[PDB]
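Colleague: Once you've seen the sequence and the experimental structure below, I've got questions.
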Amino acid sequence: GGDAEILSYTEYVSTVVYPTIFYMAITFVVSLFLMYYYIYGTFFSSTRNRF
Amino acid sequence: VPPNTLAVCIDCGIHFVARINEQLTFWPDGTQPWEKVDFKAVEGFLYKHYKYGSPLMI
Amino acid sequence: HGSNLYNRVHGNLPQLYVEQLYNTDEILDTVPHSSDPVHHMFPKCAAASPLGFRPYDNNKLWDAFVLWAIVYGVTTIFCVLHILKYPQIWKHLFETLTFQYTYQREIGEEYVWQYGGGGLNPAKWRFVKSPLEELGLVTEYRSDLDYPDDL
Amino acid sequence: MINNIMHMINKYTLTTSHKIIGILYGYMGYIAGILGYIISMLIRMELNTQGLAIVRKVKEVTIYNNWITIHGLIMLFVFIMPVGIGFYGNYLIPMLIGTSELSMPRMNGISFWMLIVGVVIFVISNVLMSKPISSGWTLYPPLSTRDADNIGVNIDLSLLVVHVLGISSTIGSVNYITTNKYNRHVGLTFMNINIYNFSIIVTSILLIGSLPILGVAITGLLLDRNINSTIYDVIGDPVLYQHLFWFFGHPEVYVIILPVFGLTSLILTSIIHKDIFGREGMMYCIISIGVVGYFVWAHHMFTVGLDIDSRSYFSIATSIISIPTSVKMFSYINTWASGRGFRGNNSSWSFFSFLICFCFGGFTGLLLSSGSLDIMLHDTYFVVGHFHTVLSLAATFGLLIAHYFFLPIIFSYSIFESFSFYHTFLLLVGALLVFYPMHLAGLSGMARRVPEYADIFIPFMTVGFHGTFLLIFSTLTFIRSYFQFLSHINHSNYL
Amino acid sequence: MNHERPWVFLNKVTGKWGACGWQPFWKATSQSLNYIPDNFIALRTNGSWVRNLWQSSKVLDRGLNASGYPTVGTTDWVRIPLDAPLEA
Amino acid sequence: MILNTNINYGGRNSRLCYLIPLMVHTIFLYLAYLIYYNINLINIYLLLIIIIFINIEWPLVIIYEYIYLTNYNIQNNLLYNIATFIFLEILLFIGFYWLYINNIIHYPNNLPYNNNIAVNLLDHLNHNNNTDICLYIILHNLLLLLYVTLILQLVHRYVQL
Amino acid sequence: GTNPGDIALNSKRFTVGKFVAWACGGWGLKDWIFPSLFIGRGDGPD
Amino acid sequence: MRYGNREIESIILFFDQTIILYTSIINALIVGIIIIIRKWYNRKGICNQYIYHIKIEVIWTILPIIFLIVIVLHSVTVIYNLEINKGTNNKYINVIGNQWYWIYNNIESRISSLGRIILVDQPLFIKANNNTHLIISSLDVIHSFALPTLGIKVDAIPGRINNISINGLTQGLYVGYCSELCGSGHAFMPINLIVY
Amino acid sequence: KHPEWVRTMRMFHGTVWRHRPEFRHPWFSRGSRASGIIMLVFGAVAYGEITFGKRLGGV
Amino acid sequence: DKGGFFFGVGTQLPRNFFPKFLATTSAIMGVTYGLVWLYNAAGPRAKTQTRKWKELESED
Amino acid sequence: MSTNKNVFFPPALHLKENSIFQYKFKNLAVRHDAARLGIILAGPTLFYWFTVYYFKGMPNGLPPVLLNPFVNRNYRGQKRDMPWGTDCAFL
Ligand code: HEA
Ligand code: HEA
Ligand SMILES: CCCCCCCCCCCCCCCCCC(=O)OC[C@H](COP(=O)([O-])OCC[N+](C)(C)C)OC(=O)CCCCCCCCCCCCCCCCC
Ligand SMILES: CCCCCCCCCCCCCCCCCC(=O)OC[C@H](COP(=O)(O)OCCN)OC(=O)CCCCCCCCCCCCCCCCC
Ligand SMILES: [Cu+2]
Ligand SMILES: [Cu+2]
Ligand SMILES: [Cu+2]
Ligand SMILES: [Mg+2]
Ligand SMILES: [Zn+2]
C-alpha cells in the first residue's frame, strides 16, 4: 500500500538487522546465566548443597 | 509476450521484439531434395500449410 | 473438444491420418496437428470456471454421487471392509464410547484425576465421582460384556 | 457411452503426461494419508481408555501391534513420498526448467502403477486376511520371521509390498535426475535451476544409493521365512538385519524432509515477493545434508551393543549433520524478513508452523544423538514425540503450504481462507496436545508400542485424549472444506 | 435468473426519491479466477442505468411532476424506470 | 512439409505403463500361492512364456523410434540412464557381498570342531579353509569370462574406429 | 467471480443439493437454524 | 534425595548442560522472531534488496560449530565414564529374556497381581556399592533390559551375549521395562531390581 | 539394397503410418492386451483362493 | 463486510476475524476438555485408581 | 543437399593395404587390446591345461570339511519345509 515503509539495502541493514542481532546477543548471554543459575542454583559451583 | 510486437521491460526499461519463425521442413522420409529446389512445389506446400496447417514432428 | 479431422485430412501430409479410420482414438494415438484444439488438464473445471461455475453441482444426483465417490469413496470402502472383517473391534469401540463398558469401576467410588504436570504427583491430583450416577442415570454396571481377564 | 468409459480408462492408464501422473500421485497420497489417519485414531482410542477397552484381551494385542505397524508403513511409504516427491515432483519439475516431459516418459507411468500395485497388495493383505503382520514398522527379526502370530502368507505379501515400493522409488529417482540434467532450456546452468529441482535431485541421489540395501534386507527376511535359512536366527545376526535396514532407514528420512524444504522455498519466493536469502547457501546446505546422511545410520542402534568407539563416532556424525540444518533455519528466518508475505494467508501461517515445529523437533532429536543420553531415551515416548513433531508437524505443514498454494493454480478456484484457517489452527493445537506430552512421558520411562501403561502416566494420556478429539475435528473440517471446494452454491435468494 | 431492471422510487407528498433494485445473493464460498461477474442487477444490459441515474439525479432532486407514472400499491411511491435518461 | 517441434522426446502412450506392474503383481501372487499351497497355480513355463511375450514390446518400439525419433540429446539421456542402471546393479552386488562377508571378517567364531594346533595333524587349517569350493573349475570359468570381456572390448573398439 | 446459476431452485428450504451438502460438506443445521451468522450478508453485487 | 548411581548423575548433568544451551538459543531466536514479526505485520521495514550478507552468513555458520564441539566432547567423555567400571567386579549375574518373563540365575520372574504392571513375584537382588557384571541375552526374540534410572538399557538379542556393568548406591526397588517390542505381552514384562 | 536401408524406407514408405510403434504390429497388440486381461484374472483368482482357503480345484 | 459472522468470501477474511477465530477455537477446546473429563469420570477405570488405593500407596 | 545423398551412394575410398582389417591394426589402442588378449590366452590358458596334463594321474588330497556333527542331526528341531513341499534341497 501507500503506507508501507520501504528502506534501501544500506538503511535496512543499518537500522533493522544490526540492532536485532545486538538484542539477540544480549538475550543469549542473559539466558545462559539465568538458566544455569535456575537449574544448578549456583552461578559457578554446579549443584547447590551437593558439592 | 505477443509474437511480433514491440515490448518494454519497465523493470529495466529495455525495448525488445519477440518473433516466432516456424520450422517448416520437408517430410523426412528419404524423399528430400538433393539439389536446389525451385519455388513451385514449395509454393504448393506453403499454401496448404498457411490455409489448413501441417502435422507436428512429435 | 470437437475433432479436427477436416483440417487433418486437408492438411499437408494427409497420409499420416489414414490410420484414423481404423480402430483408433483421435486424442490418444494420432499425430498432433498444427491447428489442433488446446487440451486442458481438468476439462470439467476448465469449461466451468470461465462461466463462473464449480465443476460439480450437488442438485444433480449423478454429480453428487461422482463427487462423493471422488472424496469419500476409498475411505468408506476401507471402513466397510474393516468392519466386515473385525466386527468385534467396532462393537467394543461402540460399547466403550457409549459408557456401556467399565473395566472395574464400582458404585459410589472416587477415582484419581490429573490433567498434566508430569507423572502422578499427589500434590496436584484431584478425585472425581461419576456424574452419571450422581444424577441417577447409572445404578449398576453391566457384566455381560467381554472382560480382559488376566491383565 | 462404452467409448466414453473406455476412453477415460485409457486416459488414466496409458498416460505418460507428467501432469496427469502427478495428479494421480497426489490423489493416491491423500487417500493413503486419510487411511493412515483413521488407523491412528484407532490407536489413540486404544491408548486413551484403560483396560484394553478395544481389544479386550491380552491375547489379542496382536491387533494393536498390527495397527501400529500398518500406521507406520502407510504414513511413511504411501503418504509423504507420493505427495511430496510424486505429486509436485512430476507436476512441476518439467515446467520449472522449461521442457515438455520427463526423460523416459514410460518409466513414469510404470512407477505410478507399481505404487498402485503395492497399495493394492498391502490393503488386501492387511484387511481381508486374518492374523496380519504385527511386528512394528521396523520388521525386526526374529520377531518378523520366528514368531507365532506372524505365520501367514500375508506377512510375505507385505514384504513384497515393500519390494514394489522400492522399485517404484528407484525408477522415479532415476527419471528425475536424468530429466533435470539434460533437458534444461538454453541459458540455464545446472546450479541456476530453482531450489525445488535441486532438492529433488539430491533426494533422488539419496534414494538410488540406499534402496538396494533395503532390498537385500527384505530378501533376507523372505528367505529366512520361506526356505528356512538362519541369517537372522539364534545362530544368525539380527544385528546384521538392523544394520542393513537402518542404513536404508535414515536416508529415507532425509528423502522425506528435503523436498519439503524445496517446496517451502519455492512457495516463499511466490508469496513474500522477494528472493531467497542466500539461495546458493541453501542449495549447498541441502546437498550437505544429503551427503552427511549416509554416515549416521547407526545412531538408531546405540543400545544394540555397538563398540564404544563406534558409539562416539556416530554421536559425532549426528552432530555434524545437525549443523547445516541450523544454517537453513536461519536462512529461512532471514528470508521472511524484509518481505511482504500476505498477512492473511494459510500458506504464510502454515510456513510459520513448519518453521517452529521443525526447529523444536530438530532440537529434541539433537538431544537423542548423544550415545550416552540415548541410553535413557531409546524406545521410550521421547522418540515418538521427536519423529511426530517432525513428520506430522513439519512435513505435514510443508505439504499444507503446498496444498493451499497450488490448489488455485491447478483448479482455478480460489481458497476459502476462513475455512482453511479453522482447519490449520485446530490441526496445530490438537497435534501439539497429542505429541508434546509424549516428550515428558519419555523422560519419565514410558516405553513405546504398549497398549497398556502404568498408572504413573495418566496425565500425559489425558492430554493426548484432548488432542485426539481436536484432531478428529480438524480432519473432518479439512475433508469437508475440500468437498466444498469443488461444489457449486447451495443457497441463493434476493436481498 | 431474470428479474426486474433497477428502478427509482419517488414519493410525491414527501417529494423524496431513491434508486432500488433486486440484489441476488448466495452463501459465500471460493471464487473463480477466470470469471468477472456480468451485470446481475440489470441483466442483459451494458450497464447504462448508472449513467441514467447520474444524469437524472439533478432532474429528480429539483422536483419532478411524476403524475404520469404508475404507483406502488396504495402508498405514495411511484416507479421511474432507468431504461433511458430522464429529462421530462 | 511438417512443423518441427523441440528436440525432446515427445512421449507416446503405451501399454507398458501398466503391463509391467501387472507382471510384478502376477509374479508376487504366484510366489504367495506357491508358498501357501505348495503347488503352482499355473505352469511355470506358461508364466515365463507370458513374461517373455509381454517384454518383446520394448525392442519393437526401440527400433521404430530410433528410425524416426533420435538425436544427440535423446542419445545422451539414454546413455546416462544406462549409467545409473549399472550403478544400481553394482550397489545390489555390494549389498549381497555385505550379507556374505559379514560373518567372515569377524574371525573369532564358535565352531563344532577343534581348530587348535597340536591336537591333530589337520585341525589348525580346518576353520581357515572351506575346501569344497570347486577351485580349478572356477578358474576355468574365470578364464572363459576373461575371453569374453577381452574379445568384446577389442571388437567394440574395432567397429568404433 | 461466481455465477449463482438458477436462483429459483436453490432458494428452497429443503433441497437435494442442501441434503448432499449436509452429508458430505458445505451445509448443515447451523445454516437452517442460524442463517444470520453462517449465511449473513452473503456474496453478491451491492 | 540420593542419585542411585554415579553414571546416572553424570548423564543428568550432561542433560542439564544441553538443556541450558538449547534454551538460550531458543530465547535468542524468540526475541529475533518477535522483532521480525512485529515489524512485518504492521507493514514496516521492507527491503527487496536485502537478500544477501556475506559476513552474517559466515558468522552464523561458524557459531553453531564452536558451541557444538563442547557438547560432543562432553558426550564422549560421559560414554567412556559409563564404560570404565568394567573389570572391577566380584559378582556375576546372568539374565535371560524369555517370552514375556525374565530369568535370573535360572529363576523365573513373571508379573504378579498385587501390583498392576510394575511389581514382580521374583525380583533381582544386587548388593549396594558392590560392582556387578550382568551377562544378558534372550532365548526366543529380542527384548531390552531397561533400568534407565540406573543408566542401564541393553538389548537382549538372541545369540548375542551382551555384558554390562551395574552398580547400586541407593537401597530400594528399581522398576524397569522390556523397552523392545517382543510380542503380545510386551507391555506386561516388567523388571524389578533390589539394591540391599 | 542394404537391409537396413530397405527396413528404414519400408518404415516410412511401406506401411500405413501409425502414431504408435506397437500399433504398427496389429497382432502383437492383441496379444499384449490379452496378457493384461489374463494377468488381471490370475491376480483376482489367486487372491480369492488364498483368502478363502479353498483352492477352486475341488469345485 | 460480506459473508457471515465466522466465514468470509474467497480470500477475504470477515471483519475483526482473528478475535472471533480465537474465541471460537477456545470454545471448541473447552468443549473437548469437558468431553475428556466426562470420559475420565465415567469411563473404564481400574480398581488401582480408587482414592483408597492411591492414598494408601502414596505414603510408603 | 540433404545428407541422404551420401546415405544412398556413399563415396568409395582407396586404401594401400590389401584389406581394411590390417589398416585398423596400425592404431596403438587396437594393438594393445590384442596384446591383452594374447597375454590372457598365452600365459594362463596354456598353463592351466598344462597343469591338468602334469597332474593327470594324481588324486585330490584336500581334507573334507566338517559340516554337521552327529549330536546336531536334528538341527535343533527347526522347521525345514521348503516351499516346494518336501524337506529337501532344490539342488
Ligand atoms: C509421516 C508419518 C506419520 C504421520 C503423518 C503420523 C501421524 C499420526 N501419528 Fe504416527 N507414527 C509414525 C509415522 C506417522 N504418524 C511412525 C513411523 C510410527 C512408528 C510405528 C511403530 O512404532 O512401529 C508411528 C507411531 C505412532 C504411535 C505409536 C503408538 C505406540 O507406539 O505406542 C501413535 C500413538 O500415539 C501415533 C499417533 C499419530 C497421530 C495421532 C497422527 C496424526 O493423527 C496427527 C497428524 C494427523 C494429520 C492430520 C495427518 C493426516 C494427513 C492427512 C490429513 C492428509 C491430508 C493431506 C495433507 C495435509 C498433505 N503414531
Ligand atoms: C522425519 C524427519 C526427520 C528429521 C529431519 C530428523 C532429524 C534428526 N534426527 Fe531423527 N527420526 C525420525 C525422523 C527425522 N529425524 C524418525 C521417523 C525416527 C524414528 C525411527 C523409529 O525409531 O521408528 C527418528 C529417530 C531418531 C533417533 C532415534 C533415537 C533412538 O531411537 O534411539 C535419533 C537419535 O540419534 C535421531 C536424531 C536426529 C537428529 C540428531 C536430527 C537432526 O537432523 C536434527 C537437526 C535439526 C536441527 C539441529 C535444528 C536446527 C537447530 C538450530 C536452529 C541451531 C542449533 C544448532 C546447534 C546448537 C548445533 N532421530
Ligand atoms: C499464571 C497462570 C499460569 C497458566 C495457567 C494454566 C496452568 C496452571 C499451572 C501450571 C503448572 C502446574 C501444571 C498443571 C496444569 C498444566 C496444564 C498443561 O497444559 O500441562 C501441560 C504442560 C506439562 O508440563 P509441566 O506442567 O509438567 O511443566 C513442568 C513443570 N515442573 C516445573 C514442575 C517440572 O504444562 C506446561 O507446560 C505448563 C504451562 C501450561 C500453560 C498453558 C497455556 C496455553 C494453553 C494452551 C491450550 C491448552 C488447553 C487446556 C484447557 C484446560 C481448561 C479448559
Ligand atoms: C531368472 C532369474 C532368477 C529369477 C529368480 C526368481 C526367484 C526369486 C527367489 C530368490 C531366491 C530363491 C531361493 C530358493 C532356492 C533354493 C536353492 C537350494 O535349494 O539350494 C541348494 C542348492 C545346492 O544344494 P547342495 O546341498 O549344495 O547339493 C548337494 C549336492 N550338490 O543351491 C542352489 O540351488 C542355489 C541356487 C542359487 C541361490 C538362489 C538365488 C536366486 C537364483 C534363482 C534360482 C532358482 C529360484 C527358484 C525359485 C522358484 C520360484 C520361482
Ligand atoms: Cu537417523
Ligand atoms: Cu519382551
Ligand atoms: Cu518386549
Ligand atoms: Mg530398540
Ligand atoms: Zn529486463
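Modeller: All right, it came through fine. Residues are numbered from 1 along each chain as shown, chains lettered A, B, ... in the order given. Ligands and ions are numbered 1, 2, ... in the order given.

Colleague: Now for residue 39: which residues touch it?
Modeller: This is for chain A. Counting by Cβ atoms under 8 Å, 6 or more residues apart in numbering or on different chains, residue A:39 touches H:16, H:19, H:20. Every residue, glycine included, has its C-beta placed from N, CA and C.

Colleague: Switch to chain F, please.
Modeller: residue K:85.

Colleague: Go ahead and list the helix or strand containing it.
Modeller: When elements are assigned from DSSP states H and E, residue F:39 belongs to no helix and no strand.

Colleague: circling back: please spell out the PyMOL selection for the buried subset of the contacts of residue A:39.
Modeller: Only the buried entries of those go into this PyMOL selection, using 16 or more other Cβ atoms under 10 Å in any protein chain shown:
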select buried, chain H and resi 16+20
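
Colleague: Which residue would be the closest one in chain E to ligand 3?
Modeller: residue E:28 (29.6 Å; Cβ to the nearest ligand atom).

Colleague: so that residue sits right up against residue J:8, yeah?
Modeller: Yes - with contact defined as Cβ atoms under 8 Å, residue E:28 counts as touching residue J:8 (6.4 Å).

Colleague: Give me the common contacts of these two.
Modeller: Counting by Cβ under 8 Å, 6+ apart, the shared contacts of residue E:28 and residue J:8 are residue J:2.

Colleague: And for the closest residue in space to residue F:151 that isn't next to it in sequence, the neighbour number?
Modeller: Distance criterion Cβ to Cβ, 6 or more residues apart in numbering or on different chains; nearest residue to residue F:151, sequence neighbours excluded, is residue K:37 at 6.9 Å. Close neighbours of residue K:37, defined as other Cβ atoms under 10 Å in any protein chain shown, add up to 17.

Colleague: any idea how far residue D:65 is from residue D:134?
Modeller: To residue D:65, residue D:134 is 4 Å away according to Cβ to Cβ, to the nearest Å.

Colleague: Could you tell me which residues touch both of those two?
Modeller: In contact with both residue D:134 and residue D:65: residue D:149, using Cβ under 8 Å, 6+ apart.

Colleague: Contact residues of chain J facing chain E?
Modeller: Residues of chain J found near chain E (Cβ under 8 Å from any Cβ of the partner chain) are J:2, J:3, J:4, J:7, J:8, J:9, J:10, J:11.

Colleague: Out of these, grab the one that's most surrounded.
Modeller: Using other Cβ under 10 Å as the neighbour test, these are led by residue J:9, with 26 neighbours.

Colleague: What distance do you get for it to residue J:3?
Modeller: Distance of residue J:9 to residue J:3, given as Cβ to Cβ: 5 Å.

Colleague: Over to residue D:252?
Modeller: 44 Å.

Colleague: now residue E:11
Modeller: To residue J:3, residue E:11 is 33 Å away according to Cβ to Cβ.

Colleague: Check residue H:54 too.
Modeller: For residue H:54, the distance to residue J:3 - Cβ to Cβ - is 48 Å.

Colleague: And residue D:221, by the same measure?
Modeller: Distance of residue D:221 to residue J:3, computed by Cβ to Cβ: 57 Å.

Colleague: likewise residue D:183?
Modeller: Noted for residue D:183: a distance of 46 Å to residue J:3, by Cβ to Cβ.
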